[PDB]
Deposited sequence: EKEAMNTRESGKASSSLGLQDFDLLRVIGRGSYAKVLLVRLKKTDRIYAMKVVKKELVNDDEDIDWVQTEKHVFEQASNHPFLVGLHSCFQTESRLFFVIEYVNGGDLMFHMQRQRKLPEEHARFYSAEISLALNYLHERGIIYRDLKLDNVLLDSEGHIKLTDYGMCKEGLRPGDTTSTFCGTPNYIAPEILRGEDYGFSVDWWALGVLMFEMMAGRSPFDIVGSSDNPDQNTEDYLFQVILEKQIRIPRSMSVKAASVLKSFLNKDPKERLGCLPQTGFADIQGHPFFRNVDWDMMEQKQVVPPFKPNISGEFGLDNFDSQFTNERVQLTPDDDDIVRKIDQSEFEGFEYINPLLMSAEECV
């Protein structure tokens, strides 16, 4: 493909690294949100991996219901693009700000779909690592969908463990702070948080930000609402166990079964929801010319094979 066959209908998201356009393929007339990264921003061997990994993941979320698909990938002298599956329900971040706290039930429905999403990921040797309220977008009529893959960890057999200190601070797992090696566990800690945020409307931790924050996370015994349910709390406790091992879903060869097993997920029929057979508790421009001054200075070499159209 190429910019040609597209109708750059709008800009829906502006970043330093990327711009997310709301484009439409003329041929199919269908819509996809395309991700635009200035090539001039991904220089050096440690940035092609940031891309190839986003690519390697996007080459997988296509197979899962709560994970954003990838239509195709093309470049230009000045940049790189991602024709991605499109979503329009918004990010729970917004939905939250417009409602404060969530009924334990609703909250449950979401946390479930995400685990399923996280589970598929893990099973495929992937560590999302960038889970946060504004990353979980809403399906046209409800179902969630994990987004952003610029912090995931590639191929990895269970038992393995990486150690890149990263992720959005408010959700960074305690073992990450301890600089100890880690795995799928950090993804459940994040979920634990995402869940606290939904039901409590608040965050579970609270000199200087990071400085201070990181200490809260590592010593501050989390305060659960005295309005909250027994089951509700329990899960939160389980997921926010500062011990990767003693943590829900973190137990090896049982993790997901554990999760599903937990009382908080008592009447939940996974195989049913995994198929979206459960009802959601809530139904929802030309680019700048190339600057030869810059472009002329690009390697273009470290840009082979970027192109790729999803056959499915």
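Several segments of the deposited sequence are absent from the coordinates, namely 1-16, 223-231, 310-328, 357-364.
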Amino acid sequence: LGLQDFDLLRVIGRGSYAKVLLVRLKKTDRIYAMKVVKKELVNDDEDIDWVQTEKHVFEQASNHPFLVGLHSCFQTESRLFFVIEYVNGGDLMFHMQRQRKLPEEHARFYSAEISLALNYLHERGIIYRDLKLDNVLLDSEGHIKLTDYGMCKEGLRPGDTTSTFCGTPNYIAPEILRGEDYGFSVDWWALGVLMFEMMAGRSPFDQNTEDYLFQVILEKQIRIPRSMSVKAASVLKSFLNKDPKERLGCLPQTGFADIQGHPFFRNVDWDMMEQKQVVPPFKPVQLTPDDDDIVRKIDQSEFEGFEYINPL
From here on, numbers count along this sequence of modelled residues.
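According to the PDB record, 208-216 carries the higher mean C-alpha B-factor of the two stretches 208-216 and 222-230. The mean Cα B-factor in the deposited entry runs higher for 287-295 than for the other of 14-22 and 287-295. Across the residues 126, 173, 93, 236, the deposited record lists the maximum Cα B factor for 93. Residues shown: 246, 49, 40, 258. Highest C-alpha temperature factor in the entry: 49. Among the modelled residues of its chain, residue 253 has a C-alpha B-factor that falls in the lowest third according to the deposited record. In this PDB entry, residue 61 carries a Cα temperature factor that places it within the highest third of its chain's modelled residues. The entry lists a Cα temperature factor for residue 98 that places it in the highest third of the chain's modelled residues. In the PDB entry, residue 156 places in the highest third of its chain by CA B-factor. When the CA B factors of the chain's modelled residues are split into thirds, the value for residue 281 lands in the highest one.
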